Each structure stands twice: as structure tokens, then as C-alpha cells.
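So the structure is just underneath, and the comments pick up after that.
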Amino acid sequence: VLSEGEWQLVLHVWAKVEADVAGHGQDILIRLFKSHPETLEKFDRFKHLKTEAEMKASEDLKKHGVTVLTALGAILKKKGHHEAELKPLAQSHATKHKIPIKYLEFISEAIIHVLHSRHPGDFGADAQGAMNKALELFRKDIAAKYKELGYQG
Ligand code: HEM
């Protein structure tokens, strides 16, 4: 359970992201794919991209980064009361896209890295700890839905 103070830190940086959702989304997906190439393999849409320049040039990858960050922002702004938003996302990522929980750990690390690079004055250690807690709560709650469906592994 995050405290109200921890939520405020999370959402303060997140309001900065919403100024350039697409730039952040590209940076986070590129970092994920470069740091963890097995993740790129889950996207039939992107598996043709072989270089970071090709990734940066893909308008389709930038569109998907916006999709991802708009869904995460709606979850964060629920401050934990996110069951309605998480259900469909867990269901599709477990049963259709076949994404292990560990790859949600990986994208969480990429989000934290990109927020530190782009917003260092609003992402000191207090805010990095709070965002880590928020992303752990997201993963916890997705993992419980995976387990229900038989995909916690
Ligand atoms: C913060 C974490 C994430 C969020 C909020 C998120 C959100 C979304 C949303 C909103 C969609 C489209 C609707 C849907 O299919 O449910 C989507 C699609 C998809 N996601 Fe995620 N996602 C996350 C992480 C990941 C990770 C880590 C992977 C792979 C490693 C992944 C793989 C995919 C795939 C393969 C699709 C379908 C893309 C396509 O072919 O159109 N997601 N995601």
C-alpha cells in the first residue's frame, strides 16, 4: 500500500511524462528491447527492427509507446484502486500476448531509467522509491490475475 505522500511523488513525475508521452514511450520501449532482446521477440509488429536507429524511426513503435504509457498513466492515477483497469490488461497479456511477469519487471526498470534521465529534479531518490513501489503494486496485482488463469509459472 503506497502512502498519500508516495502517490503524490509518483503522480508529480508522471504529470511531466504527460507532456511528451510519445517521446517517453519510444525511449522506454527502445530501452526495453535493447536491454532485454527476448522482449522484442514477443512483438510480431516489431521483430523486423534490428538497430536502435530503425527503432527510433518506426512510427508504429512510437504509436505503441503511447498506447502503453496512456494505459499505465490511467492505472497510476487510480492510486491502487485499479482493478477495473488491470483486469483486461492482465487477461490479454497472459492469454493472448503471452508476456511473462518477469518482462513486466524489465519494462518497470526501463520506465524508471527513462524518468530519471528526463526528469531528474522531480525524480530524486524519494520519488524513485515511490515509483518503484507503484510499479511493484502493478506487477503484484497482475501476477495475482495471471495465477488465477494459470500463467504465473
Ligand atoms: C507497463 C506495462 C504494460 C502496459 C501498461 C501495456 C499495455 C498494453 C496495451 C494497452 C495494449 C493494447 C491492448 C491489449 O492488447 O491489451 C498492449 C498490447 C501489447 N503488449 Fe503490452 N503493456 C505492457 C507491457 C508489455 C510488455 C513488457 C510486453 C512484451 C514484453 C508487451 C507486449 C504486448 C504485445 C505483444 C501487445 C500487442 C501488440 C500488437 O501486436 O498490437 N506488453 N499492451
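Per Swiss-Prot, chain A residues shown: 2-154, in order.
Each Cβ is built from the backbone N, Cα and C atoms, and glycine gets one as well.
Feature annotation from Swiss-Prot assigns domain 'Globin' to 2-148; the stated evidence is sequence analysis.
If you look up Swiss-Prot, you'll see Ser4 marked as phosphoserine. Annotation note: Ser4 (phosphoserine) sits in a coil segment as assigned by DSSP.
The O2 binding site feature in Swiss-Prot is assigned to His65; the stated evidence is experimental evidence. Counting Cβ atoms from all protein chains shown, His65 (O2 binding site) has 17 others lying within 10 Å of its own Cβ.
Taken from Swiss-Prot, the feature nitrite binding site applies to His65, supported by similarity to another entry. Under the three-state DSSP scheme, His65 (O2 binding site) falls in the helix class.
The phosphothreonine annotation in Swiss-Prot covers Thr68. Around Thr68 (phosphothreonine), taking its Cβ as the centre, 11 other Cβ atoms fall within 10 Å, counting all chains.
Taken from Swiss-Prot, the feature heme b binding site applies to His94, supported by experimental evidence. In the three-state DSSP scheme, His94 (heme b binding site) falls into the helix class.
Spatially close to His94 (heme b binding site) yet at least six residues away along the chain are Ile100, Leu105, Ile143, judged by Cβ distances under 8 angstroms.
If you take the Cα of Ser4 (phosphoserine) and the Cα of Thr68 (phosphothreonine), they are about 28 angstrom apart, rounded to a whole number. Neighbour count (other Cβ atoms within 10 Å of the Cβ, all protein chains): 10 for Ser4 (phosphoserine).
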